[PDB]
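See below for the structure under consideration.
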Amino acid sequence: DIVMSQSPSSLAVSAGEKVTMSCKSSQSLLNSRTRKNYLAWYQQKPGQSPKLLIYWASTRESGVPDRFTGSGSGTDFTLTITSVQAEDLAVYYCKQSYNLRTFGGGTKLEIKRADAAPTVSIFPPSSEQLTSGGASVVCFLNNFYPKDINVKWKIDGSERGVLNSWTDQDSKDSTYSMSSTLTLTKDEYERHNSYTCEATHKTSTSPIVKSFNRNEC
Amino acid sequence: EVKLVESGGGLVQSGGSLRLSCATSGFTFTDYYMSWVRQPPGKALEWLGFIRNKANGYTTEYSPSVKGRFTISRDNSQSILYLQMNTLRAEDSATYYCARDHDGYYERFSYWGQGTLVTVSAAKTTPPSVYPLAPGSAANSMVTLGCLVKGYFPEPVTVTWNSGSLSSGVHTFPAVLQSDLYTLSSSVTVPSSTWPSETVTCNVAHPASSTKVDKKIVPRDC
Ligand SMILES: C=CCO[C@]1(C(=O)O)C[C@@H](O[C@@]2(C(=O)O)O[C@H]([C@H](O)CO)[C@H](O)[C@H](O)[C@@H]2O)[C@@H](O)[C@@H]([C@H](O)CO)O1
Ligand SMILES: [Mg+2]
Ligand SMILES: [Zn+2]
């Protein structure tokens with residue numbers, strides 16, 4: 001086979017800086033007849049299909065910003081991004097087409113930005129859910145940076161059936177968001193009053209506390 | 001303009017078969033090789049095979065990984081590409097893409113479809129419960145609302161807000177699997193002068209169960 005390998009697995013760069021990533025083939029990709037390297041670069045943004053960026057190692061596809069440059073030959077190739085933009089968040093794949101086709105494993109590119117505190121919102125169970133015997137309490141912790149965050153649930157002042165989910169980094173502001181869902185039975189829900197989402201993030205030594213009381217609903 | 005549209009993905013049991021389609025338009029179909037590529041959730045792209053153009057006798061080639069088990073064909077009268085998959089296993093669960101390939105000159109995959117998600121599993125299809133997330137009767141310039149999309153199988157689900165007219169300030173959280181069912185949520189943040197003044201509705205679809213739901217976010221009082 002031809003084996004394709006990329007490095008790094010992942011990195012993060014601040015907007016305006018240069019990015020360099022690497023792609024190795026187990027065999028030269030230099031076609032002797034055409035004198036081109038059959039190596040392409042693809043960009044895959046979160047939730048999207050892959051998009052062609054570069055082909056024949058160095059040819060930039062139309063529509064592709066000039067900040068993206070492919071170089072290299074034979075077994076070693078480079079994609080360079082100058083003046084990186086928030087929207088450049090993506091996994092980048094190289095692909096050989098010298099002998100059928102094979103993809104490398106990708107390089108994830110993330111964006112570094114200023115620390116940003118989360119915006120925290122809490123939501124009681126809906127009457128439509130409670131009618132069926134269940135009670136989900138939801139907390140969104142939105143548009144923060146860096147990604148590391150700690151959430152705890154407290155019920156009547158005591159720490160406590162939790163689903164956590166993080167978004168991919170945002171293409172526009174380079175922040176992260178997380179959702180935490182605590183699910184109880186209706187009967188257990190109705191035994192307590194105070195429901196609290198507590199978020200601890202590096203941006204404050206004070207946790208962000210959002211709470212509601214079942215009695216006030 | 002060029003269009004590639006996959007269909008046929010969904011839920012299938014281990015050992016089962018499935019055939020995907022990829023309808024195309026806006027280029028001369030017969031001039032082009034066509035490839036299939038897949039991607040398991042959170043993993044790398046994997047090339048599966050191609051079918052050559054008219055000049056090359058529409059012949060097929062396959063990755064060693066799926067040769068003998070998958071078959072590619074094309075309908076040149078309708079510009080549609082097919083992928084027949086047999087003896088499916090959990091490892092075949094993936095997003096499947098078609099891509100326009102070689103034209104005899106350029107080495108590149110110029111265009112890709114949106115992808116179709118295949119899930120290989122014994123689990124039954126379960127439609128989601130969709131619940132509104134409205135600030136409580138005690139909860140400021142901006143306001144955050146949401147929908148909880150709970151307890152469905154297989155992926156995927158789509159969520160939009162006001163039929164896609166609200167797209168800025170949306171966070172749709174990746175689904176998490178917990179005892180055999182997925183749950184996801186979506187938030188939208190709007191000016192507080194605009195809700196409940198103006199309507200906010202999440203539109204949720206679950207193709208596997210043909211579920212279509214619009215859920216209006218109603219204020220607690222009001
Ligand atoms: C029926 C095929 C013929 O052959 C080729 C040739 O010059 O050998 C190759 C064709 O391209 C492929 C292919 O096998 O279909 O192989 C090339 C490889 O470099 C050999 O040249 C690339 O891997 C390419 O992407 C294809 O995978 C094709 O270029 C063909 C041409 O259309 C002549 O009519 O000639
Ligand atoms: Mg208890
Ligand atoms: Zn052959």
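By convention in this document, the chains of the structure tokens carry letters A, B, ... by their order, each chain's residues are numbered from 1, and ligands are numbered from 1 in the order they are shown.
Residues from chain A that have an atom within 6 Å of chain B, counting only C-alpha atoms, are residues 49, 55, 102, 105, 123, 167 and 217 of chain A.
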With N, CA and C atoms retained, export the selected residues as a CSV table (one decimal), in the first residue's frame.
```
chain,number,residue,atom,x,y,z
A,49,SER,N,-18.5,18.7,5.1
A,49,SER,CA,-17.7,17.9,4.2
A,49,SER,C,-16.3,18.4,4.0
A,55,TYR,N,-3.8,21.0,-4.7
A,55,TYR,CA,-3.5,19.7,-5.4
A,55,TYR,C,-2.2,19.7,-6.2
A,102,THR,N,-5.2,7.3,-0.9
A,102,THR,CA,-5.1,7.0,0.5
A,102,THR,C,-5.0,8.4,1.2
A,105,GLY,N,-4.0,10.8,8.4
A,105,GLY,CA,-4.8,10.7,9.6
A,105,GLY,C,-5.4,12.1,10.0
A,123,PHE,N,-32.1,25.9,33.3
A,123,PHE,CA,-33.5,25.7,32.8
A,123,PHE,C,-34.2,24.6,33.6
A,167,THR,N,-19.2,21.6,22.5
A,167,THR,CA,-19.1,21.9,21.1
A,167,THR,C,-17.7,21.9,20.6
A,217,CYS,N,-41.3,28.2,40.4
A,217,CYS,CA,-41.6,27.9,39.0
A,217,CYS,C,-43.0,28.3,38.8
```
Kindly work out which residues sit at most 7 Å from ligand 1, using only C-alpha atoms and all ligand atoms, and give the list as a ChimeraX atom specification.
/A:31,97-100 /B:52,55-57,102-105,107
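Atom CA of residue A:149 to atom CA of residue A:130 spans 29.8 Å [interatomic distance, one decimal].
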Would you kindly return, as a PDB file with N, CA, C and O atoms, in the first residue's frame, each protein, DNA or RNA residue with an atom no farther than 7 Å from any atom of residue A:2, considering only C-alpha atoms and excluding same-chain residues fewer than 3 positions away?
```pdb
ATOM      1  N   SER A  25       4.566  10.474   2.804  1.00  0.00           N
ATOM      2  CA  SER A  25       4.171   9.231   2.095  1.00  0.00           C
ATOM      3  C   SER A  25       5.262   8.181   2.231  1.00  0.00           C
ATOM      4  O   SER A  25       6.476   8.501   2.271  1.00  0.00           O
ATOM      5  N   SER A  26       4.835   6.933   2.318  1.00  0.00           N
ATOM      6  CA  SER A  26       5.778   5.804   2.381  1.00  0.00           C
ATOM      7  C   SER A  26       6.543   5.608   1.061  1.00  0.00           C
ATOM      8  O   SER A  26       7.602   4.967   1.044  1.00  0.00           O
ATOM      9  N   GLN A  27       6.011   6.181  -0.020  1.00  0.00           N
ATOM     10  CA  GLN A  27       6.573   6.074  -1.392  1.00  0.00           C
ATOM     11  C   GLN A  27       6.563   7.429  -2.025  1.00  0.00           C
ATOM     12  O   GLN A  27       5.630   8.175  -1.786  1.00  0.00           O
ATOM     13  N   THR A 102      -5.239   7.276  -0.893  1.00  0.00           N
ATOM     14  CA  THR A 102      -5.115   7.027   0.530  1.00  0.00           C
ATOM     15  C   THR A 102      -4.988   8.367   1.212  1.00  0.00           C
ATOM     16  O   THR A 102      -4.232   9.206   0.745  1.00  0.00           O
TER      17      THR A 102
END
```
Can you tell me which residues come within 9 Å of ligand 2 when counting only C-alpha atoms and all ligand atoms, ideally as a tab-separated table (two decimals) with N, CA, C and O atoms, in the first residue's frame?
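pocket03.tsv, freshly written:
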```tsv
chain	number	residue	atom	x	y	z
A	155	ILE	N	-28.07	20.10	44.67
A	155	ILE	CA	-29.49	19.95	44.92
A	155	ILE	C	-29.70	20.20	46.42
A	155	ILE	O	-29.17	19.45	47.26
A	160	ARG	N	-24.42	16.74	43.65
A	160	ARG	CA	-24.89	15.49	43.05
A	160	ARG	C	-24.04	15.13	41.83
A	160	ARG	O	-24.02	15.88	40.84
A	188	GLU	N	-38.32	12.16	42.40
A	188	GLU	CA	-37.11	12.62	43.07
A	188	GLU	C	-36.98	14.13	42.91
A	188	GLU	O	-36.64	14.84	43.86
A	191	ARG	N	-38.86	16.16	45.46
A	191	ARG	CA	-38.44	16.04	46.88
A	191	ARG	C	-37.51	17.15	47.30
A	191	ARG	O	-37.16	17.28	48.49
A	192	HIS	N	-37.06	17.94	46.32
A	192	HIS	CA	-36.08	18.96	46.61
A	192	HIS	C	-36.50	20.26	45.98
A	192	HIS	O	-37.35	20.29	45.09
```
Please report the interatomic distance between atom CA of residue A:164 and atom CA of residue A:46 in Å with one decimal.
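Between atom CA of residue A:164 and atom CA of residue A:46 the gap is 18.8 Å.
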Mind listing the strand (DSSP E or B) residues of stretch 110-204 of chain B, per DSSP on the backbone, as an MDAnalysis selection string?
chainID B and resid 112 116:120 126 129:133 142:153 158:161 166 170:172 176:178 181:191 201:204
To one decimal in Å, tell me the separation between atom CA of residue A:72 and atom CA of residue A:43.
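Taking atom CA of residue A:72 and atom CA of residue A:43, their separation equals 18.1 Å.
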Residues within 9 Å of residue A:66, please, as a list in words. Count only C-alpha atoms; anything in the same chain fewer than 5 positions from it doesn't count.
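Listed by chain and then number, they are residues 60, 81 and 82 of chain A.
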Residues at most 10 Å from residue B:29, counting only C-alpha atoms, excluding those fewer than 4 positions away in the same chain, as a short mmCIF file (atom, residue, chain, number, x, y, z; two decimals) with C-alpha atoms, in the first residue's frame?
```
data_model
loop_
_atom_site.label_atom_id
_atom_site.label_comp_id
_atom_site.auth_asym_id
_atom_site.auth_seq_id
_atom_site.Cartn_x
_atom_site.Cartn_y
_atom_site.Cartn_z
CA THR B 24 -25.11 14.65 -9.28
CA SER B 25 -25.58 17.70 -11.52
CA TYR B 33 -14.25 9.23 -12.16
CA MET B 34 -16.28 9.13 -8.95
CA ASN B 53 -14.97 7.60 -16.56
CA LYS B 54 -16.32 6.73 -19.99
CA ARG B 74 -23.12 4.28 -11.86
CA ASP B 75 -26.14 5.21 -14.00
CA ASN B 76 -24.82 7.35 -16.82
CA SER B 77 -28.34 8.18 -18.11
CA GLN B 78 -29.26 9.89 -14.80
CA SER B 79 -25.84 10.98 -13.48
CA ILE B 80 -26.22 8.87 -10.26
CA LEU B 81 -23.44 6.97 -8.38
CA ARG B 100 -16.00 13.88 -7.98
CA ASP B 103 -11.10 13.53 -15.35
#
```
Quick one: residues within 10 Å of residue B:166, only C-alpha atoms counted, chain neighbours fewer than 2 positions away excluded, as JSON, numbers by chain?
{"B": [160, 161, 162, 163, 164, 168, 169, 170, 188, 189, 190, 200, 201, 202]}
Selection above as a file: N, CA, C and O atoms, as a PDB file, in the first residue's frame:
```pdb
ATOM      1  N   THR B 160     -32.911  23.450  13.769  1.00  0.00           N
ATOM      2  CA  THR B 160     -32.826  24.857  13.334  1.00  0.00           C
ATOM      3  C   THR B 160     -33.688  25.697  14.260  1.00  0.00           C
ATOM      4  O   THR B 160     -34.456  25.154  15.078  1.00  0.00           O
ATOM      5  N   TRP B 161     -33.543  27.022  14.127  1.00  0.00           N
ATOM      6  CA  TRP B 161     -34.318  27.965  14.933  1.00  0.00           C
ATOM      7  C   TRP B 161     -35.010  28.930  13.960  1.00  0.00           C
ATOM      8  O   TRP B 161     -34.331  29.465  13.070  1.00  0.00           O
ATOM      9  N   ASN B 162     -36.320  29.124  14.150  1.00  0.00           N
ATOM     10  CA  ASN B 162     -37.171  29.922  13.248  1.00  0.00           C
ATOM     11  C   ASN B 162     -36.874  29.583  11.785  1.00  0.00           C
ATOM     12  O   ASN B 162     -36.517  30.441  10.969  1.00  0.00           O
ATOM     13  N   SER B 163     -36.948  28.280  11.494  1.00  0.00           N
ATOM     14  CA  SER B 163     -36.760  27.759  10.132  1.00  0.00           C
ATOM     15  C   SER B 163     -35.411  28.175   9.499  1.00  0.00           C
ATOM     16  O   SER B 163     -35.274  28.248   8.271  1.00  0.00           O
ATOM     17  N   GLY B 164     -34.418  28.433  10.344  1.00  0.00           N
ATOM     18  CA  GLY B 164     -33.080  28.813   9.906  1.00  0.00           C
ATOM     19  C   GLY B 164     -32.809  30.302   9.784  1.00  0.00           C
ATOM     20  O   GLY B 164     -31.697  30.696   9.413  1.00  0.00           O
ATOM     21  N   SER B 168     -27.190  32.849  13.782  1.00  0.00           N
ATOM     22  CA  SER B 168     -26.166  33.471  14.598  1.00  0.00           C
ATOM     23  C   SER B 168     -26.530  33.303  16.073  1.00  0.00           C
ATOM     24  O   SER B 168     -27.708  33.345  16.429  1.00  0.00           O
ATOM     25  N   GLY B 169     -25.532  33.075  16.912  1.00  0.00           N
ATOM     26  CA  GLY B 169     -25.803  32.868  18.342  1.00  0.00           C
ATOM     27  C   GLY B 169     -26.465  31.538  18.729  1.00  0.00           C
ATOM     28  O   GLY B 169     -27.026  31.438  19.812  1.00  0.00           O
ATOM     29  N   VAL B 170     -26.383  30.539  17.841  1.00  0.00           N
ATOM     30  CA  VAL B 170     -26.847  29.171  18.106  1.00  0.00           C
ATOM     31  C   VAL B 170     -25.665  28.269  18.480  1.00  0.00           C
ATOM     32  O   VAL B 170     -24.576  28.351  17.863  1.00  0.00           O
ATOM     33  N   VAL B 188     -30.033  29.037  21.789  1.00  0.00           N
ATOM     34  CA  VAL B 188     -30.050  30.230  20.953  1.00  0.00           C
ATOM     35  C   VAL B 188     -30.086  31.468  21.871  1.00  0.00           C
ATOM     36  O   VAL B 188     -30.814  31.510  22.862  1.00  0.00           O
ATOM     37  N   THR B 189     -29.268  32.465  21.542  1.00  0.00           N
ATOM     38  CA  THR B 189     -29.222  33.685  22.340  1.00  0.00           C
ATOM     39  C   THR B 189     -29.685  34.852  21.498  1.00  0.00           C
ATOM     40  O   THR B 189     -29.159  35.079  20.401  1.00  0.00           O
ATOM     41  N   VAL B 190     -30.742  35.508  21.977  1.00  0.00           N
ATOM     42  CA  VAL B 190     -31.379  36.634  21.271  1.00  0.00           C
ATOM     43  C   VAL B 190     -31.509  37.889  22.173  1.00  0.00           C
ATOM     44  O   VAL B 190     -31.445  37.780  23.398  1.00  0.00           O
ATOM     45  N   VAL B 200     -40.014  32.536  19.099  1.00  0.00           N
ATOM     46  CA  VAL B 200     -38.801  31.707  18.920  1.00  0.00           C
ATOM     47  C   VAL B 200     -39.222  30.242  18.960  1.00  0.00           C
ATOM     48  O   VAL B 200     -39.847  29.807  19.927  1.00  0.00           O
ATOM     49  N   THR B 201     -38.874  29.527  17.892  1.00  0.00           N
ATOM     50  CA  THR B 201     -39.275  28.133  17.690  1.00  0.00           C
ATOM     51  C   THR B 201     -38.065  27.295  17.228  1.00  0.00           C
ATOM     52  O   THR B 201     -37.342  27.653  16.302  1.00  0.00           O
ATOM     53  N   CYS B 202     -37.844  26.149  17.875  1.00  0.00           N
ATOM     54  CA  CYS B 202     -36.818  25.223  17.352  1.00  0.00           C
ATOM     55  C   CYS B 202     -37.521  24.187  16.459  1.00  0.00           C
ATOM     56  O   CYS B 202     -38.619  23.719  16.779  1.00  0.00           O
TER      57      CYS B 202
END
```
Surrounding residues of residue A:150 excluding itself and chain neighbours under 2 positions, 9 Å, only C-alpha atoms, as a PyMOL selection string:
chain A and resi 148+152+198-201
Write a file of the just-selected residues containing N, CA and C atoms, as an mmCIF file, in the first residue's frame.
```
data_model
loop_
_atom_site.group_PDB
_atom_site.id
_atom_site.type_symbol
_atom_site.label_atom_id
_atom_site.label_comp_id
_atom_site.auth_asym_id
_atom_site.auth_seq_id
_atom_site.Cartn_x
_atom_site.Cartn_y
_atom_site.Cartn_z
ATOM 1 N N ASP A 148 -11.124 23.931 29.104
ATOM 2 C CA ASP A 148 -11.225 23.239 30.372
ATOM 3 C C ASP A 148 -12.163 23.978 31.300
ATOM 4 N N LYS A 152 -20.478 21.486 38.509
ATOM 5 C CA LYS A 152 -21.120 20.577 39.432
ATOM 6 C C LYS A 152 -22.570 20.953 39.603
ATOM 7 N N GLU A 198 -23.083 24.948 38.977
ATOM 8 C CA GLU A 198 -21.899 25.739 39.387
ATOM 9 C C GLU A 198 -20.740 25.517 38.431
ATOM 10 N N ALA A 199 -20.273 26.581 37.795
ATOM 11 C CA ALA A 199 -19.195 26.467 36.803
ATOM 12 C C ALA A 199 -17.933 27.113 37.350
ATOM 13 N N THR A 200 -16.885 26.297 37.430
ATOM 14 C CA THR A 200 -15.538 26.776 37.756
ATOM 15 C C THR A 200 -14.601 26.710 36.534
ATOM 16 N N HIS A 201 -14.077 27.879 36.222
ATOM 17 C CA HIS A 201 -13.295 28.134 35.010
ATOM 18 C C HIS A 201 -12.168 29.067 35.463
#
```
